[PDB]
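> Dropping in structure_22.pdb, which is PDB, C-alpha atoms:
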ATOM      1  CA  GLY A   1     131.457 115.377  97.861  1.00  0.00           C
ATOM      2  CA  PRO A   2     129.940 112.932  95.320  1.00  0.00           C
ATOM      3  CA  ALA A   3     126.926 114.015  93.267  1.00  0.00           C
ATOM      4  CA  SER A   4     124.476 112.759  90.647  1.00  0.00           C
ATOM      5  CA  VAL A   5     121.345 114.884  91.001  1.00  0.00           C
ATOM      6  CA  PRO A   6     121.825 116.704  87.625  1.00  0.00           C
ATOM      7  CA  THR A   7     120.221 115.354  84.450  1.00  0.00           C
ATOM      8  CA  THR A   8     121.877 111.934  84.538  1.00  0.00           C
ATOM      9  CA  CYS A   9     119.804 108.764  84.847  1.00  0.00           C
ATOM     10  CA  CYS A  10     118.516 105.979  82.602  1.00  0.00           C
ATOM     11  CA  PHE A  11     114.770 105.715  81.994  1.00  0.00           C
ATOM     12  CA  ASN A  12     115.201 102.677  84.235  1.00  0.00           C
ATOM     13  CA  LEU A  13     117.400  99.684  83.327  1.00  0.00           C
ATOM     14  CA  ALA A  14     119.646  98.917  80.355  1.00  0.00           C
ATOM     15  CA  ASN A  15     119.088  95.885  78.117  1.00  0.00           C
ATOM     16  CA  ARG A  16     121.619  93.423  76.703  1.00  0.00           C
ATOM     17  CA  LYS A  17     124.737  94.093  78.795  1.00  0.00           C
ATOM     18  CA  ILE A  18     128.067  95.936  79.014  1.00  0.00           C
ATOM     19  CA  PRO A  19     131.607  94.785  77.903  1.00  0.00           C
ATOM     20  CA  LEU A  20     133.880  93.832  80.814  1.00  0.00           C
ATOM     21  CA  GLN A  21     136.902  95.486  79.158  1.00  0.00           C
ATOM     22  CA  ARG A  22     135.430  99.000  79.416  1.00  0.00           C
ATOM     23  CA  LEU A  23     133.424  98.527  82.628  1.00  0.00           C
ATOM     24  CA  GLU A  24     135.317 100.169  85.525  1.00  0.00           C
ATOM     25  CA  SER A  25     133.187  99.745  88.662  1.00  0.00           C
ATOM     26  CA  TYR A  26     129.583  99.578  89.950  1.00  0.00           C
ATOM     27  CA  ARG A  27     127.521 101.859  92.208  1.00  0.00           C
ATOM     28  CA  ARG A  28     124.047 101.762  93.789  1.00  0.00           C
ATOM     29  CA  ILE A  29     121.445 104.544  93.426  1.00  0.00           C
ATOM     30  CA  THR A  30     119.713 104.923  96.806  1.00  0.00           C
ATOM     31  CA  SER A  31     118.335 108.007  98.550  1.00  0.00           C
ATOM     32  CA  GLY A  32     115.618 108.405  95.920  1.00  0.00           C
ATOM     33  CA  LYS A  33     117.358 109.261  92.649  1.00  0.00           C
ATOM     34  CA  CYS A  34     116.760 106.890  89.727  1.00  0.00           C
ATOM     35  CA  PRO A  35     114.233 103.985  90.093  1.00  0.00           C
ATOM     36  CA  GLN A  36     115.066 101.056  92.359  1.00  0.00           C
ATOM     37  CA  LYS A  37     118.330 100.617  94.247  1.00  0.00           C
ATOM     38  CA  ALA A  38     120.002  99.302  91.102  1.00  0.00           C
ATOM     39  CA  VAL A  39     123.751  99.072  90.479  1.00  0.00           C
ATOM     40  CA  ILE A  40     125.423 101.426  87.982  1.00  0.00           C
ATOM     41  CA  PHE A  41     128.267 100.023  85.883  1.00  0.00           C
ATOM     42  CA  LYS A  42     130.470 102.908  84.737  1.00  0.00           C
ATOM     43  CA  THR A  43     132.845 102.776  81.767  1.00  0.00           C
ATOM     44  CA  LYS A  44     134.907 105.013  79.488  1.00  0.00           C
ATOM     45  CA  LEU A  45     131.860 105.110  77.213  1.00  0.00           C
ATOM     46  CA  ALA A  46     130.404 108.572  77.869  1.00  0.00           C
ATOM     47  CA  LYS A  47     127.527 108.054  80.311  1.00  0.00           C
ATOM     48  CA  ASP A  48     126.279 105.950  83.236  1.00  0.00           C
ATOM     49  CA  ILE A  49     124.444 102.632  82.763  1.00  0.00           C
ATOM     50  CA  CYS A  50     121.534 101.441  84.940  1.00  0.00           C
ATOM     51  CA  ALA A  51     120.892  97.773  85.758  1.00  0.00           C
ATOM     52  CA  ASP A  52     118.881  95.917  88.427  1.00  0.00           C
ATOM     53  CA  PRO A  53     120.606  93.033  90.392  1.00  0.00           C
ATOM     54  CA  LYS A  54     118.520  90.417  88.562  1.00  0.00           C
ATOM     55  CA  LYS A  55     119.761  90.030  84.992  1.00  0.00           C
ATOM     56  CA  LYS A  56     122.747  87.683  84.621  1.00  0.00           C
ATOM     57  CA  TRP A  57     125.308  90.143  83.213  1.00  0.00           C
ATOM     58  CA  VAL A  58     124.454  92.399  86.149  1.00  0.00           C
ATOM     59  CA  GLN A  59     125.253  89.933  88.926  1.00  0.00           C
ATOM     60  CA  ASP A  60     128.094  88.478  86.852  1.00  0.00           C
ATOM     61  CA  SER A  61     129.582  91.906  86.112  1.00  0.00           C
ATOM     62  CA  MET A  62     130.107  92.905  89.753  1.00  0.00           C
ATOM     63  CA  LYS A  63     131.062  89.339  90.663  1.00  0.00           C
ATOM     64  CA  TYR A  64     133.902  89.693  88.178  1.00  0.00           C
ATOM     65  CA  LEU A  65     134.949  92.978  89.793  1.00  0.00           C
ATOM     66  CA  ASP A  66     135.064  91.171  93.128  1.00  0.00           C
ATOM     67  CA  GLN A  67     138.123  89.207  92.014  1.00  0.00           C
ATOM     68  CA  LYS A  68     140.177  92.318  91.256  1.00  0.00           C
ATOM     69  CA  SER A  69     140.557  95.415  93.456  1.00  0.00           C
ATOM     70  CA  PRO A  70     138.656  98.357  91.853  1.00  0.00           C
ATOM     71  CA  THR A  71     140.359 100.367  94.599  1.00  0.00           C
ATOM     72  CA  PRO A  72     137.119 101.725  96.149  1.00  0.00           C
ATOM     73  CA  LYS A  73     136.796 104.237  98.988  1.00  0.00           C
ATOM     74  CA  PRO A  74     138.165 103.199 102.441  1.00  0.00           C
TER      75      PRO A  74
ATOM     76  CA  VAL B 208     108.953  93.520  75.839  1.00  0.00           C
ATOM     77  CA  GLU B 209     111.943  93.299  73.504  1.00  0.00           C
ATOM     78  CA  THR B 210     114.789  91.405  75.183  1.00  0.00           C
ATOM     79  CA  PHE B 211     116.533  92.901  78.211  1.00  0.00           C
ATOM     80  CA  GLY B 212     119.455  90.482  77.927  1.00  0.00           C
ATOM     81  CA  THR B 213     121.726  89.447  75.057  1.00  0.00           C
ATOM     82  CA  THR B 214     125.357  88.912  74.060  1.00  0.00           C
ATOM     83  CA  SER B 215     127.536  91.869  73.076  1.00  0.00           C
ATOM     84  CA  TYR B 216     126.350  95.454  73.534  1.00  0.00           C
ATOM     85  CA  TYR B 217     128.566  97.487  71.186  1.00  0.00           C
ATOM     86  CA  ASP B 218     128.969  95.273  68.119  1.00  0.00           C
ATOM     87  CA  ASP B 219     129.551  98.562  66.308  1.00  0.00           C
ATOM     88  CA  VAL B 220     132.468  99.389  68.604  1.00  0.00           C
ATOM     89  CA  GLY B 221     133.198 102.587  66.675  1.00  0.00           C
ATOM     90  CA  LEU B 222     130.087 103.715  68.555  1.00  0.00           C
ATOM     91  CA  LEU B 223     132.489 105.370  71.017  1.00  0.00           C
TER      92      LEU B 223
END
The structure given in the file should be rewritten as structure tokens.

Amino acid sequence: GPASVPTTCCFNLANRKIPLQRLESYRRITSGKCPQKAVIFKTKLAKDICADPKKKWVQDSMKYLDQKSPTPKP
Amino acid sequence: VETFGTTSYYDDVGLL
């Protein structure tokens, strides 16, 4: 099933933001991996991006994905 | 510190 334990996590949170054109979907990091239960906007970039649900582009990014249908799991 | 929030994020684009 899913996985993300291997070396793959931002020191914490990003900074400026992420372009909506590349951004695909978001995902939360619970369990214990990565700091805080922050959302992870993934894109065709080359790696995962960390961001806490506080900064504007963070709440606005997922809010924009709400309109469309990212086609998530059942 | 710095500025965790600003317009654009890949002004270079070619960064890819």
> Counting all atoms listed in the file, I want the residues whose atoms come within 12 Å of (128.5, 89.4, 89.0) in the file frame, returned as an NGL selection string.
:A and (17-18 or 20 or 25-26 or 39 or 41 or 51-67)
> Generate a file of the selected residues that holds C-alpha atoms, formatted as a CSV table (one decimal), in the frame of the given file.

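This went into selection_32.csv:
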chain,number,residue,atom,x,y,z
A,17,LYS,CA,124.7,94.1,78.8
A,18,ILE,CA,128.1,95.9,79.0
A,20,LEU,CA,133.9,93.8,80.8
A,25,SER,CA,133.2,99.7,88.7
A,26,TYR,CA,129.6,99.6,90.0
A,39,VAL,CA,123.8,99.1,90.5
A,41,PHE,CA,128.3,100.0,85.9
A,51,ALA,CA,120.9,97.8,85.8
A,52,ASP,CA,118.9,95.9,88.4
A,53,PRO,CA,120.6,93.0,90.4
A,54,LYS,CA,118.5,90.4,88.6
A,55,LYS,CA,119.8,90.0,85.0
A,56,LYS,CA,122.7,87.7,84.6
A,57,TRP,CA,125.3,90.1,83.2
A,58,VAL,CA,124.5,92.4,86.1
A,59,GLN,CA,125.3,89.9,88.9
A,60,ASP,CA,128.1,88.5,86.9
A,61,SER,CA,129.6,91.9,86.1
A,62,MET,CA,130.1,92.9,89.8
A,63,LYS,CA,131.1,89.3,90.7
A,64,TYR,CA,133.9,89.7,88.2
A,65,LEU,CA,134.9,93.0,89.8
A,66,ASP,CA,135.1,91.2,93.1
A,67,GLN,CA,138.1,89.2,92.0
> Would you mind telling me which residue in A:14, A:34, A:23, A:40 lies nearest to chain B when using only C-alpha atoms?
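With only C-alpha atoms as the atom set, the closest residue is A:14.
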> Residue by residue, what does the PyMOL selection byres ((chain B and resi 208-220) around 7) grab here? Present the result as a PyMOL selection string.
(chain A and resi 15-19) or (chain B and resi 221-223)
> Counting all atoms listed in the file, write as an MDAnalysis selection string all protein and nucleic acid residues lying at most 10 Å from (122.8, 111.7, 80.6) in the file's frame.
chainID A and resid 6:10 46:49
> Point out the residue among A:45, A:1, A:36, A:21 with the least atom-to-atom distance to chain B, counting all atoms listed in the file.
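Closest to chain B, using all atoms listed in the file: A:45.
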> Missing atoms in stretch 35-59 of chain A need filling: write out N, CA and C atoms for it as a CSV table (one decimal), in the frame of the given file.

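Saved the output as result-v5.csv:
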chain,number,residue,atom,x,y,z
A,35,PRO,N,115.2,105.0,89.6
A,35,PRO,CA,114.2,104.0,90.1
A,35,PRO,C,115.0,102.8,90.6
A,36,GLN,N,114.5,102.2,91.7
A,36,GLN,CA,115.1,101.1,92.4
A,36,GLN,C,116.5,101.3,92.7
A,37,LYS,N,116.9,100.6,93.8
A,37,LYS,CA,118.3,100.6,94.2
A,37,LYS,C,119.2,99.7,93.4
A,38,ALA,N,119.3,100.1,92.1
A,38,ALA,CA,120.0,99.3,91.1
A,38,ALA,C,121.5,99.7,91.0
A,39,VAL,N,122.3,98.8,90.6
A,39,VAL,CA,123.8,99.1,90.5
A,39,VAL,C,124.0,99.8,89.2
A,40,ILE,N,125.1,100.6,89.2
A,40,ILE,CA,125.4,101.4,88.0
A,40,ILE,C,126.8,101.1,87.5
A,41,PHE,N,127.0,100.3,86.4
A,41,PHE,CA,128.3,100.0,85.9
A,41,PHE,C,128.8,101.2,85.1
A,42,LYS,N,129.9,101.8,85.5
A,42,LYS,CA,130.5,102.9,84.7
A,42,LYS,C,131.6,102.5,83.9
A,43,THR,N,131.8,103.1,82.7
A,43,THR,CA,132.8,102.8,81.8
A,43,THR,C,133.4,104.0,81.1
A,44,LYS,N,134.3,103.9,80.2
A,44,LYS,CA,134.9,105.0,79.5
A,44,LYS,C,134.0,105.4,78.3
A,45,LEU,N,132.8,104.8,78.3
A,45,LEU,CA,131.9,105.1,77.2
A,45,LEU,C,131.7,106.6,77.1
A,46,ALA,N,130.7,107.1,77.9
A,46,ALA,CA,130.4,108.6,77.9
A,46,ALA,C,129.3,108.9,78.8
A,47,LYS,N,128.7,107.9,79.4
A,47,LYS,CA,127.5,108.1,80.3
A,47,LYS,C,127.4,106.9,81.3
A,48,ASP,N,126.5,107.0,82.2
A,48,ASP,CA,126.3,106.0,83.2
A,48,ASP,C,125.2,104.9,82.7
A,49,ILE,N,125.4,103.7,83.2
A,49,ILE,CA,124.4,102.6,82.8
A,49,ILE,C,123.7,102.1,84.0
A,50,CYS,N,122.4,101.9,83.8
A,50,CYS,CA,121.5,101.4,84.9
A,50,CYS,C,121.2,100.0,84.7
A,51,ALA,N,121.2,99.2,85.8
A,51,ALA,CA,120.9,97.8,85.8
A,51,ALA,C,120.5,97.2,87.1
A,52,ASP,N,119.4,96.5,87.2
A,52,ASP,CA,118.9,95.9,88.4
A,52,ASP,C,119.6,94.6,88.8
A,53,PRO,N,119.9,94.3,90.0
A,53,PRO,CA,120.6,93.0,90.4
A,53,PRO,C,119.7,91.8,90.2
A,54,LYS,N,119.4,91.6,88.9
A,54,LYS,CA,118.5,90.4,88.6
A,54,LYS,C,119.1,89.7,87.3
A,55,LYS,N,119.2,90.5,86.3
A,55,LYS,CA,119.8,90.0,85.0
A,55,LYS,C,121.1,89.4,85.2
A,56,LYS,N,121.5,88.4,84.5
A,56,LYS,CA,122.7,87.7,84.6
A,56,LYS,C,124.0,88.6,84.5
A,57,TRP,N,124.1,89.3,83.4
A,57,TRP,CA,125.3,90.1,83.2
A,57,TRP,C,125.5,91.2,84.3
A,58,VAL,N,124.4,91.4,85.0
A,58,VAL,CA,124.5,92.4,86.1
A,58,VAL,C,125.2,91.8,87.3
A,59,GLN,N,124.7,90.6,87.8
A,59,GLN,CA,125.3,89.9,88.9
A,59,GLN,C,126.6,89.4,88.6
